[PDB]
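Worksheet for the structure shown next.
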Amino acid sequence: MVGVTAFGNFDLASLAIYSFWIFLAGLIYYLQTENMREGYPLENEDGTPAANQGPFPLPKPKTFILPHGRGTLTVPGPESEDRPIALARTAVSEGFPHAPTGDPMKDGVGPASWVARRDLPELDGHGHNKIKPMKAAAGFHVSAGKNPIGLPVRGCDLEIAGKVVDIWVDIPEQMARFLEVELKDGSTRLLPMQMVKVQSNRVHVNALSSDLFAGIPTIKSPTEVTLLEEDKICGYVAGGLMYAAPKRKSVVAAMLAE
Amino acid sequence: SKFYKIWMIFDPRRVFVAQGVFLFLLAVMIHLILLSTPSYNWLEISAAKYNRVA
Amino acid sequence: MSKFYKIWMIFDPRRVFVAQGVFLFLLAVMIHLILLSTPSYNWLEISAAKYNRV
Amino acid sequence: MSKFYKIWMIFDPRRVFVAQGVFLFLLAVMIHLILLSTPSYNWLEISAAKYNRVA
Amino acid sequence: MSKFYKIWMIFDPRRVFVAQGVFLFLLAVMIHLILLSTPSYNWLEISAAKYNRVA
Amino acid sequence: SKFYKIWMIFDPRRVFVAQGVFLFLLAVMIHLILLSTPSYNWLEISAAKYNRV
Amino acid sequence: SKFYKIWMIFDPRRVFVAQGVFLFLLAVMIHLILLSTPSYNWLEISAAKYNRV
Amino acid sequence: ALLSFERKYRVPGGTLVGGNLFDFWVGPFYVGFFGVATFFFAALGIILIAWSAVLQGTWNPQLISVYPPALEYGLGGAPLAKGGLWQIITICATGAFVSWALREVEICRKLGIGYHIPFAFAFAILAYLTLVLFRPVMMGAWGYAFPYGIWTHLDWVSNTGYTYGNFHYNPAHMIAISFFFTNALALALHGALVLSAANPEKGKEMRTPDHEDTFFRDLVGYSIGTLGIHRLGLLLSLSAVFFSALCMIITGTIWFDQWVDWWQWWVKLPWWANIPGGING
Amino acid sequence: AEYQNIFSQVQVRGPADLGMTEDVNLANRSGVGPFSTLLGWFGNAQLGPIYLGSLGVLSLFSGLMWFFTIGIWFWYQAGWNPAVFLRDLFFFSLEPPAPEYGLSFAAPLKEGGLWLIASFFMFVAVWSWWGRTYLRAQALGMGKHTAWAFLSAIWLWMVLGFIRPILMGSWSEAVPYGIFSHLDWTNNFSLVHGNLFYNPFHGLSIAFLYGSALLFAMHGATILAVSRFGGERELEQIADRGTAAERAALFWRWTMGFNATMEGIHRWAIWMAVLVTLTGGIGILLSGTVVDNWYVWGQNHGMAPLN
Amino acid sequence: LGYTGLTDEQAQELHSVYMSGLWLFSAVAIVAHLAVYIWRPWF
Amino acid sequence: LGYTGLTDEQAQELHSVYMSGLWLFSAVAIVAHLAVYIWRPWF
Amino acid sequence: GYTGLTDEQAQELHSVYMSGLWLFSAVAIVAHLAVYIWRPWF
Amino acid sequence: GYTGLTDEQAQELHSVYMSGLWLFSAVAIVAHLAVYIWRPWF
Amino acid sequence: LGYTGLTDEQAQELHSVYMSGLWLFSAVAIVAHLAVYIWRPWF
Ligand code: BCL
Ligand SMILES: COC(C)(C)C/C=C/C(C)=C/C=C/C(C)=C/C=C/C(C)=C/C=C/C=C(C)/C=C/C=C(\C)CC/C=C(\C)CCC=C(C)C
Ligand SMILES: COC(C)(C)C/C=C/C(C)=C/C=C/C(C)=C/C=C/C(C)=C/C=C/C=C(C)/C=C/C=C(\C)CC/C=C(\C)CCC=C(C)C
Ligand SMILES: COC(C)(C)C/C=C/C(C)=C/C=C/C(C)=C/C=C/C(C)=C/C=C/C=C(C)/C=C/C=C(\C)CC/C=C(\C)CCC=C(C)C
Ligand SMILES: COC(C)(C)C/C=C/C(C)=C/C=C/C(C)=C/C=C/C(C)=C/C=C/C=C(C)/C=C/C=C(\C)CC/C=C(\C)CCC=C(C)C
Ligand SMILES: COC(C)(C)C/C=C/C(C)=C/C=C/C(C)=C/C=C/C(C)=C/C=C/C=C(C)/C=C/C=C(\C)CC/C=C(\C)CCC=C(C)C
Ligand SMILES: COC(C)(C)C/C=C/C(C)=C/C=C/C(C)=C/C=C/C(C)=C/C=C/C=C(C)/C=C/C=C(\C)CC/C=C(\C)CCC=C(C)C
Ligand SMILES: COC(C)(C)C/C=C/C(C)=C/C=C/C(C)=C/C=C/C(C)=C/C=C\C=C(C)\C=C\C=C(/C)CC/C=C(\C)CCC=C(C)C
Ligand SMILES: [Fe+2]
């Protein structure tokens, strides 16, 4: 069919290219609707549904049957924050920042925010706790790199606020997730392995200052950590990057300081 | 024959889907082969028989 | 030859039947395509030259 | 070579038979394609020259 | 040489025979293809010239 | 001598597998080197001797 | 001398493996260098000597 | 215009420039200082492309082509009708890109997430700056850059590619193509695996990460892990771009002949350059 | 100058994970291989176990014979010379038959006949492996997304070597088995068909190949950015949306106006890569069979300045 | 033994039907080959 | 012995069937090769 | 014994393997002898 | 030691291994003798 | 004194065996070099 045109320059190649534009337009519509199963319908800055919802309608709900008898999850579904947001409107007009009413790191707002996940430990495929301390882990040991256990923990203010005691390990993935840092008060906090930089002789935590180490949310059980506790810990530490900028001694922090 | 027992071995749903797709694909393939040949191109056969071409 | 039935004691009939069905179809396509490849045994061209459809 | 039957005490029959069928089919195709490769023994061409099917 | 049976105390017969089966076939194919490659020992071509099968 | 003690240090499974691979690759490498050379290419020279070409 | 104490510091398994690879690679390197030179290629030498080519 | 969870993350701070002067949201977009620069450079760049269509005399979007200045003008200014517009658009495009990356930086600080995304985007910009800025400057002419046309910047690729014979033999190109193919292979595998573990056979429970590792261990005998695959995705993409930037910055600057001629060094190695047989001699 | 999570700063080595056992025949599954510290810096250190069933064996046997057949022809082209073999390794090639033979299997064994044998082994090898991906997913009860994502790759692979040669009625149109030859085949393909750049479907595949690099750079960086909140565990974020999923959602919502989910981003991922070869197969299939010159085709469709 | 889990009686029944199909399939093929050979033989 | 779990009698019976098929396959192969050598000998 | 086989089982396994090996070698010798008569390579 | 083989096991393992080594080398010597007679390389 | 956990007497015997192989290996090398020098000296 070389040069065979049904009409004008339209031929088999022209047939295919237009038919794909129709397919691609349909496919982009399908992909976008699937992305609308979370965070929708939209809401006003107060909490009421907005007059605008987008050109793409919501998809027909689908149900995820969670593992280990945790139940089912149907999305799109009614989603609620399930926590008081300690934020204050800074302007009646929308599209303006909300300032924290008090201490944002303690109030869990902004970069220090967290979500009301299920207050249960995350399970592996066998039903055991995915994240366990290396002491309670069976056979786990440091295989390479500098062992952070026993190293002093230095905050962003260049002050030592404790030392590492234990490492928490994701048992299926077999990689470290948390550092169990013991403070000066005898209690041990959890620090995500992604927020620390194990140097030659110390654990430098650029996120938090020495005084803020005590403020990390604690775990209910020393042998396991729930999803909710992970979010509070991960939120608090990562919230320290913006909310401990005045306490950071870095040169770039001073340049970007207010 | 006792060929009915194959439905105890094979799931009817999957088999029927396989038959439909295979028969359709086979039907298209033979028709496309025939059109490809200068002979058996019944569009061209009718054109020559009734002198459609001018 | 008279005791071949014991293969079905060892092999799952589901897997063997699918494998045989795929094999026979693919083999049949291969041979029919091999003949069409050569100028001879192209029964489409054979009848075309036989009745002078050109 | 009576003791040959002992091979099944170690080999799993399912694995051997699958290997056997795979091997023989792949071997059979390879020889048939090799024969078709040579201008002689190409049984789809010697008959064509014999009966003058193709000019 | 009489103690060569001790090899089966170390090597798994299943692993060895799979390794040997692959080895022997790949060796046999390699040798056969070497002969076909050479202008001589290409027994298909040899008999073709012998029997005037070129034409 | 007392070379038998090397098996106390070396795992027999690893060595025999390594040796079996080593010997075959050495045998293959040597045979190909001879086949490469116009001399010792025993296929080529026999064809020349009997005038196969 | 006291060279036996080198085994108090080195793992015998790793050293023997490294030595086994090292000697073979050294033997191959020397044998290839001899073949590379126009002289000492014993395959070439025999062919010229016995008039194989 | 807010998601069901967006409110608690909308807080001041994190801005690099301007403080609260531009710290506001227009719909879903966050504006920032660099977003204002983004919108201006984006709008100005788009209009000059449309205005360049007027000067060219065509309205077909595929025929629209903003050619760079000819080789005679070197690396100086050019008339707007014959190259000058391209220089303004390139400056606008460069401004829009870097402002976009820096705007992403502000959003990163406001959310407290890592700067991997703007660092990943900066690799693309340096890839872009390689073609339009770094390579033409070394070759001393804006005309070696590519026109801003849908099908005329392909003519540049084909013409530049065939200047050096078959461009496939570019060694840095072979590395980058292997990375681009590998990244797409990884993305298809990674996307399909999670969907298979999240949208399994009907009725069966949603699968766990262990099934993801079990599937690929039963498949190819090794699972890189959830953390590894996203590290792999980032590094495969950046390496592809890094070697693509490298492949062009050495072409016409360090290598000038056909790239197939380059590969003869391996054939001409001292210990086998003269052995008979094979492909080369 | 902080920890960017690109490489693990510590490794832990527990017992080897033997994997799930939903419906996988453990007899066909092998044992656990070594632990690679070098691999452990980037991802998991454990290698194996690997499942080997009926389709696994057929895939390996045909895959080995395909690999072996190319190697023997590579040795024959080298004159059985190891030095020549390493010198001309990339320049070796198992060329398909000459255009004169068309689709006939009458090509001499050294003139294209061997390629047909090697190509048959690859054909069986790949198709048997596709079923292996299908059956491994079915065994664990997962979706067949990999099986159909793979079938996209097969479509381009089938087109280049099998389908397009049949339509062109010649094995000479197929791909040679070599490093530089199949590069030269690629270049010769465009030149014969008149600047394959102006192929609309080739342009689309580049769009999705660029987009796959774009999306994976975007997606990989996003998860590493939110890995400090445990965002790398994407399956739990799909099940129970944590703060990482929300921040990842918000970053792209505030950046480009729209976002995705933790599960919907992987739908973009699979379709972005599938269309790479899906549009690729059509693009190659049309070339020659429908369009003998794309630049002339581009001129008549308003893609080139002339005409 | 008995990996399939089938019974010997079931195995005999399954093989009996299977061979019945095989002879039918082979019978068609033999007729098919005979007709083709008469129409155009390859020997 | 324990690698397969079969007994000597099962292996003896299993081998007997396998060789029965093997000789049938071999016999048909021999007849096939003779047909080729008669019609077109390759030596 | 890594494989766990007893010596008597290994003696049986070797006996079958060597019987197979000699039969395989025996056919190979006939094959080489037949080829050398048909076309010697020395 | 590392492998857990007893000294008697090591001696037996070495004894058969050397039996194989001399058997392998014996055929290699005969092979080199035959090649040198047929075509010497010195 | 405990890098490898090897006893000092074990090291003495291990080295004694190792040197025995080293002299045996070098003895063949000397015989190999001697034959080559007779066959083709390199000085
Ligand atoms: C001068 C050369 C020509 C040209 C000629 C071609 C040709 C010809 C083709 C492409 C194709 C492609 N080109 Mg182009 N291309 C050119 C310029 C470009 C430029 C550029 C910036 O200039 C780019 C980015 C591209 C980009 C691309 C890709 C989008 C596309 C290939 C997808 C893919 O993954 O294929 C590679 C992947 C596969 C082929 C799939 C393989 C799948 C199978 C199943 C794998 C089996 C594995 C096997 C058994 C081995 C196993 C090994 C063991 C695992 C160890 N081209 C110029 C214009 N291009 C292809 C296409 O589809 O075009 C529409 C194509 O055929
Ligand atoms: C381009 O330049 C050219 C090549 C032209 C010229 C070259 C120039 C240059 C710059 C040349 C460089 C020369 C240098 C720097 C040479 C250095 C040589 C050295 C440092 C040699 C040292 C050798 C040491 C040896 C061999 C030691 C051996 C030790 C043992 C055998 C015993 C070890 C065992 C022990 C210690 C047991 C452990 C003990 C206990 C108690 C457990
Ligand atoms: C390149 O090489 C070429 C192609 C040129 C030459 C080809 C060479 C080769 C390699 C050729 C290979 C040929 C082969 C291997 C052919 C094999 C053919 C066979 C064995 C075919 C068997 C067919 C069997 C069939 C169709 C059986 C059908 C059975 C049924 C329909 C009934 C099934 C129902 C049952 C059992 C229900 C009973 C169930 C219960 C539970 C009681
Ligand atoms: C490049 O080289 C070329 C291609 C030129 C030349 C090729 C050379 C080479 C390398 C050729 C290689 C040839 C080889 C190794 C051939 C091997 C052939 C063999 C071993 C064939 C064996 C066939 C066996 C068959 C067909 C047996 C079938 C058995 C049955 C159907 C019955 C099985 C049933 C049983 C066991 C019942 C189950 C029992 C119980 C108690 C449940
Ligand atoms: C490039 O070099 C060229 C190709 C030119 C020249 C080639 C050079 C080289 C490198 C050649 C290499 C040759 C080699 C290494 C040949 C080795 C051959 C061997 C070792 C063959 C062995 C054959 C053994 C066979 C066929 C044994 C078969 C046994 C059976 C069928 C029975 C199996 C059943 C058993 C053992 C039952 C188990 C019993 C109990 C009680 C558990
Ligand atoms: C480029 O260089 C060229 C190629 C030109 C020249 C070559 C140069 C080089 C580098 C040549 C290298 C030569 C080498 C390193 C040769 C080494 C040969 C050796 C060491 C061969 C050893 C052979 C040993 C054999 C075959 C042993 C066989 C043993 C058995 C069959 C019995 C095994 C069973 C056992 C041990 C049972 C275990 C016992 C118990 C009680 C469990
Ligand atoms: C470019 O340079 C050219 C190529 C031109 C010239 C080359 C130059 C150079 C740099 C040459 C380098 C030469 C070197 C460094 C040679 C070194 C040779 C050595 C040190 C060889 C050592 C050999 C040792 C052997 C073979 C030892 C064997 C020992 C055994 C088989 C017995 C092992 C068993 C034991 C210890 C049992 C364990 C005992 C107990 C009580 C547990
Ligand atoms: C020393 O090394 C040894 C010898 C041990 C082993 C080494 C092997 C080596 C060096 C292997 C090298 C392999 C290479 C360089 C492979 C490269 C492959 C490439 C670059 C392939 C690229 C494209 C290939 C494509 C698209 C192939 C497609 C094929 C198909 C779709 C199958 C077509 C099916 C056909 C023609 C069936 C025809 C047959 C019948 C019976 C109908
Ligand atoms: Fe992901």
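Every chain in the structure tokens has a letter given in the order shown (A, B, ...), and although residue numbers restart at 1 in each chain, ligands are simply numbered from 1 in the order shown.
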Matching every Cα in sequence order between the two identical chains, what are the coordinates of chain D once fitted onto chain E? Write them as a PDB file with C-alpha atoms, in the first residue's frame.
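Contents of out_39.pdb, freshly written:
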ATOM      1  CA  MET D   1      41.170 -45.180  40.087  1.00  0.00           C
ATOM      2  CA  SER D   2      38.707 -47.216  42.123  1.00  0.00           C
ATOM      3  CA  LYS D   3      38.085 -44.346  44.546  1.00  0.00           C
ATOM      4  CA  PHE D   4      36.636 -42.281  41.667  1.00  0.00           C
ATOM      5  CA  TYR D   5      33.143 -43.231  42.843  1.00  0.00           C
ATOM      6  CA  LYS D   6      33.751 -40.877  45.770  1.00  0.00           C
ATOM      7  CA  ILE D   7      33.128 -37.951  43.380  1.00  0.00           C
ATOM      8  CA  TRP D   8      29.390 -38.380  44.029  1.00  0.00           C
ATOM      9  CA  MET D   9      29.930 -37.965  47.785  1.00  0.00           C
ATOM     10  CA  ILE D  10      30.707 -34.289  47.052  1.00  0.00           C
ATOM     11  CA  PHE D  11      29.087 -33.535  43.700  1.00  0.00           C
ATOM     12  CA  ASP D  12      25.317 -33.355  43.574  1.00  0.00           C
ATOM     13  CA  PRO D  13      24.236 -35.760  40.797  1.00  0.00           C
ATOM     14  CA  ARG D  14      21.473 -33.421  39.618  1.00  0.00           C
ATOM     15  CA  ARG D  15      23.929 -30.569  39.070  1.00  0.00           C
ATOM     16  CA  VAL D  16      26.552 -32.756  37.377  1.00  0.00           C
ATOM     17  CA  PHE D  17      24.128 -34.468  35.004  1.00  0.00           C
ATOM     18  CA  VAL D  18      22.573 -31.169  33.919  1.00  0.00           C
ATOM     19  CA  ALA D  19      26.064 -29.789  33.373  1.00  0.00           C
ATOM     20  CA  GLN D  20      27.008 -33.002  31.564  1.00  0.00           C
ATOM     21  CA  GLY D  21      24.073 -32.895  29.156  1.00  0.00           C
ATOM     22  CA  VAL D  22      24.487 -29.171  28.528  1.00  0.00           C
ATOM     23  CA  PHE D  23      28.221 -29.577  27.947  1.00  0.00           C
ATOM     24  CA  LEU D  24      28.037 -32.504  25.530  1.00  0.00           C
ATOM     25  CA  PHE D  25      25.251 -30.988  23.430  1.00  0.00           C
ATOM     26  CA  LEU D  26      26.982 -27.618  23.145  1.00  0.00           C
ATOM     27  CA  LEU D  27      30.260 -29.379  22.387  1.00  0.00           C
ATOM     28  CA  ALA D  28      28.644 -31.664  19.806  1.00  0.00           C
ATOM     29  CA  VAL D  29      27.055 -28.735  17.962  1.00  0.00           C
ATOM     30  CA  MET D  30      30.309 -26.771  18.004  1.00  0.00           C
ATOM     31  CA  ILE D  31      32.262 -29.585  16.352  1.00  0.00           C
ATOM     32  CA  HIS D  32      29.536 -30.279  13.793  1.00  0.00           C
ATOM     33  CA  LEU D  33      29.397 -26.586  12.896  1.00  0.00           C
ATOM     34  CA  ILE D  34      33.202 -26.483  12.695  1.00  0.00           C
ATOM     35  CA  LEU D  35      33.191 -29.411  10.268  1.00  0.00           C
ATOM     36  CA  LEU D  36      30.466 -27.779   8.178  1.00  0.00           C
ATOM     37  CA  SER D  37      32.558 -24.596   8.127  1.00  0.00           C
ATOM     38  CA  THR D  38      35.491 -26.129   6.256  1.00  0.00           C
ATOM     39  CA  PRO D  39      34.866 -26.751   2.533  1.00  0.00           C
ATOM     40  CA  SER D  40      36.206 -30.236   3.141  1.00  0.00           C
ATOM     41  CA  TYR D  41      34.447 -32.475   5.703  1.00  0.00           C
ATOM     42  CA  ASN D  42      31.195 -30.621   4.870  1.00  0.00           C
ATOM     43  CA  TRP D  43      29.267 -33.854   4.433  1.00  0.00           C
ATOM     44  CA  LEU D  44      26.302 -31.976   2.939  1.00  0.00           C
ATOM     45  CA  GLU D  45      28.578 -30.688   0.156  1.00  0.00           C
ATOM     46  CA  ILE D  46      31.006 -33.532  -0.586  1.00  0.00           C
ATOM     47  CA  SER D  47      28.071 -35.760  -1.542  1.00  0.00           C
ATOM     48  CA  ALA D  48      26.659 -32.933  -3.662  1.00  0.00           C
ATOM     49  CA  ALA D  49      29.952 -32.790  -5.560  1.00  0.00           C
ATOM     50  CA  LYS D  50      30.225 -36.592  -5.587  1.00  0.00           C
ATOM     51  CA  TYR D  51      26.806 -37.225  -7.150  1.00  0.00           C
ATOM     52  CA  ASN D  52      26.701 -33.869  -8.997  1.00  0.00           C
ATOM     53  CA  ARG D  53      23.475 -32.917  -7.238  1.00  0.00           C
ATOM     54  CA  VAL D  54      24.218 -29.223  -7.864  1.00  0.00           C
ATOM     55  CA  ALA D  55      25.658 -27.944 -11.142  1.00  0.00           C
TER      56      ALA D  55
END
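Fit chain J to chain N on the Cα trace, atom for atom in sequence order, and the RMSD comes out at 0.6 Å.
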Could you write out chain G as a compact mmCIF listing (two decimals) with N, CA and C atoms, in the first residue's frame once it has been least-squares superposed on chain F using every ordered C-alpha pair?
# COMPACT_ATOMS: atom_id res chain seq x y z
N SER G 1 54.45 -35.00 49.58
CA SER G 1 54.55 -33.98 50.61
C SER G 1 53.28 -33.91 51.44
N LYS G 2 53.04 -32.76 52.06
CA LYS G 2 51.82 -32.50 52.82
C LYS G 2 50.78 -31.77 51.99
N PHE G 3 50.78 -31.97 50.67
CA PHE G 3 49.84 -31.27 49.81
C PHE G 3 48.40 -31.65 50.08
N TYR G 4 48.17 -32.78 50.76
CA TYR G 4 46.80 -33.17 51.09
C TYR G 4 46.10 -32.14 51.97
N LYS G 5 46.85 -31.36 52.74
CA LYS G 5 46.25 -30.37 53.62
C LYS G 5 45.65 -29.20 52.88
N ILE G 6 45.90 -29.07 51.57
CA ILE G 6 45.28 -27.99 50.82
C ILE G 6 43.77 -28.18 50.79
N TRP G 7 43.29 -29.42 50.94
CA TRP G 7 41.86 -29.68 51.02
C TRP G 7 41.30 -29.36 52.40
N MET G 8 42.15 -29.24 53.42
CA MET G 8 41.71 -28.73 54.71
C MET G 8 41.40 -27.25 54.67
N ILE G 9 41.81 -26.55 53.62
CA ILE G 9 41.59 -25.12 53.49
C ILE G 9 40.62 -24.78 52.37
N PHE G 10 40.59 -25.57 51.29
CA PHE G 10 39.75 -25.29 50.14
C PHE G 10 38.51 -26.18 50.15
N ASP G 11 37.39 -25.61 49.72
CA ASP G 11 36.16 -26.39 49.60
C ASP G 11 36.26 -27.28 48.36
N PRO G 12 36.18 -28.60 48.51
CA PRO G 12 36.38 -29.48 47.34
C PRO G 12 35.40 -29.22 46.21
N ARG G 13 34.16 -28.84 46.53
CA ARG G 13 33.17 -28.61 45.49
C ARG G 13 33.56 -27.42 44.61
N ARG G 14 33.94 -26.31 45.23
CA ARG G 14 34.29 -25.12 44.46
C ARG G 14 35.56 -25.34 43.65
N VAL G 15 36.55 -26.02 44.23
CA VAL G 15 37.81 -26.25 43.53
C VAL G 15 37.59 -27.12 42.30
N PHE G 16 36.82 -28.20 42.44
CA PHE G 16 36.58 -29.08 41.31
C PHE G 16 35.82 -28.37 40.20
N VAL G 17 34.83 -27.55 40.56
CA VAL G 17 34.11 -26.78 39.56
C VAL G 17 35.04 -25.81 38.86
N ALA G 18 35.86 -25.09 39.63
CA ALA G 18 36.81 -24.16 39.03
C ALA G 18 37.82 -24.90 38.17
N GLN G 19 38.31 -26.04 38.64
CA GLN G 19 39.24 -26.83 37.85
C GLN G 19 38.58 -27.38 36.60
N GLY G 20 37.32 -27.83 36.71
CA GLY G 20 36.62 -28.33 35.54
C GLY G 20 36.45 -27.27 34.47
N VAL G 21 36.04 -26.07 34.88
CA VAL G 21 35.93 -24.96 33.94
C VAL G 21 37.31 -24.56 33.42
N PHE G 22 38.31 -24.52 34.31
CA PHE G 22 39.64 -24.08 33.90
C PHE G 22 40.24 -25.01 32.85
N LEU G 23 40.19 -26.32 33.09
CA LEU G 23 40.78 -27.25 32.15
C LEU G 23 40.08 -27.21 30.80
N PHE G 24 38.75 -27.14 30.81
CA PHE G 24 38.02 -27.07 29.55
C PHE G 24 38.35 -25.79 28.79
N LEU G 25 38.37 -24.65 29.49
CA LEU G 25 38.70 -23.40 28.83
C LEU G 25 40.13 -23.41 28.32
N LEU G 26 41.05 -23.98 29.10
CA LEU G 26 42.42 -24.12 28.64
C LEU G 26 42.51 -25.03 27.42
N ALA G 27 41.78 -26.15 27.45
CA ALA G 27 41.78 -27.05 26.30
C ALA G 27 41.22 -26.38 25.06
N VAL G 28 40.14 -25.61 25.23
CA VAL G 28 39.57 -24.87 24.10
C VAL G 28 40.55 -23.82 23.61
N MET G 29 41.20 -23.10 24.53
CA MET G 29 42.12 -22.05 24.12
C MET G 29 43.28 -22.61 23.32
N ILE G 30 43.83 -23.75 23.75
CA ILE G 30 44.92 -24.36 23.00
C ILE G 30 44.44 -24.85 21.64
N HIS G 31 43.29 -25.52 21.61
CA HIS G 31 42.79 -26.06 20.34
C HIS G 31 42.49 -24.95 19.35
N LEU G 32 42.01 -23.80 19.83
CA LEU G 32 41.76 -22.67 18.93
C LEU G 32 43.05 -22.05 18.44
N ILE G 33 44.08 -21.99 19.29
CA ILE G 33 45.37 -21.46 18.86
C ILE G 33 45.96 -22.31 17.75
N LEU G 34 45.84 -23.63 17.88
CA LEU G 34 46.34 -24.52 16.83
C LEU G 34 45.59 -24.29 15.52
N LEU G 35 44.27 -24.14 15.59
CA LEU G 35 43.50 -23.87 14.39
C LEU G 35 43.81 -22.49 13.81
N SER G 36 44.14 -21.52 14.66
CA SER G 36 44.44 -20.18 14.18
C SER G 36 45.69 -20.16 13.31
N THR G 37 46.71 -20.91 13.70
CA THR G 37 47.96 -20.93 12.94
C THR G 37 47.74 -21.60 11.59
N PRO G 38 48.43 -21.13 10.54
CA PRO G 38 48.33 -21.82 9.24
C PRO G 38 48.77 -23.27 9.32
N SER G 39 49.79 -23.56 10.12
CA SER G 39 50.16 -24.93 10.43
C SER G 39 49.38 -25.42 11.64
N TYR G 40 49.36 -26.74 11.81
CA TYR G 40 48.70 -27.45 12.90
C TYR G 40 47.18 -27.36 12.83
N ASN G 41 46.62 -26.67 11.85
CA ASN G 41 45.19 -26.78 11.61
C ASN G 41 44.93 -28.11 10.92
N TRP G 42 44.69 -29.16 11.71
CA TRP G 42 44.63 -30.51 11.17
C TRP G 42 43.53 -30.65 10.12
N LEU G 43 42.50 -29.82 10.19
CA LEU G 43 41.49 -29.82 9.13
C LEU G 43 42.07 -29.31 7.82
N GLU G 44 42.81 -28.20 7.87
CA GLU G 44 43.46 -27.69 6.67
C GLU G 44 44.54 -28.66 6.18
N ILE G 45 45.28 -29.26 7.12
CA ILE G 45 46.39 -30.13 6.75
C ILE G 45 45.90 -31.31 5.92
N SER G 46 44.81 -31.94 6.35
CA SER G 46 44.28 -33.09 5.62
C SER G 46 43.79 -32.69 4.24
N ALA G 47 43.15 -31.52 4.12
CA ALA G 47 42.61 -31.10 2.83
C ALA G 47 43.72 -30.89 1.81
N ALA G 48 44.81 -30.24 2.21
CA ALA G 48 45.95 -30.08 1.32
C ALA G 48 46.62 -31.41 1.03
N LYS G 49 46.72 -32.27 2.05
CA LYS G 49 47.40 -33.55 1.88
C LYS G 49 46.63 -34.47 0.94
N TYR G 50 45.31 -34.55 1.09
CA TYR G 50 44.49 -35.47 0.32
C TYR G 50 43.80 -34.81 -0.87
N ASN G 51 44.09 -33.53 -1.12
CA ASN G 51 43.53 -32.79 -2.25
C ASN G 51 41.99 -32.82 -2.23
N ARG G 52 41.44 -32.27 -1.15
CA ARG G 52 39.99 -32.12 -1.04
C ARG G 52 39.48 -30.87 -1.73
N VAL G 53 40.26 -29.79 -1.72
CA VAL G 53 39.83 -28.52 -2.29
C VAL G 53 39.96 -28.54 -3.81
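Excluding residue 15 of chain J itself and same-chain residues fewer than 2 positions from it, the residues having an atom within 8 Å of it are residues 4, 5 and 8 of chain C; 11, 12, 13, 17, 18 and 19 of chain J, counting only C-alpha atoms.
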Define the interface residues of chain B facing chain C as those within 8 Å, counting only C-alpha atoms, and report them as a VMD selection string. chain B and resid 9 to 10 37 to 39
Write to file, as an mmCIF file, in the first residue's frame, the residues of the selection just made, with C-alpha atoms.
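The result, stored in selection-v2.cif:
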data_model
loop_
_atom_site.group_PDB
_atom_site.id
_atom_site.type_symbol
_atom_site.label_atom_id
_atom_site.label_comp_id
_atom_site.auth_asym_id
_atom_site.auth_seq_id
_atom_site.Cartn_x
_atom_site.Cartn_y
_atom_site.Cartn_z
ATOM 1 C CA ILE B 9 -9.889 -29.504 32.778
ATOM 2 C CA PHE B 10 -10.146 -26.164 30.950
ATOM 3 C CA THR B 37 -2.057 -11.275 -3.791
ATOM 4 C CA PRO B 38 -2.785 -9.667 -7.184
ATOM 5 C CA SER B 39 -5.067 -12.632 -7.742
#
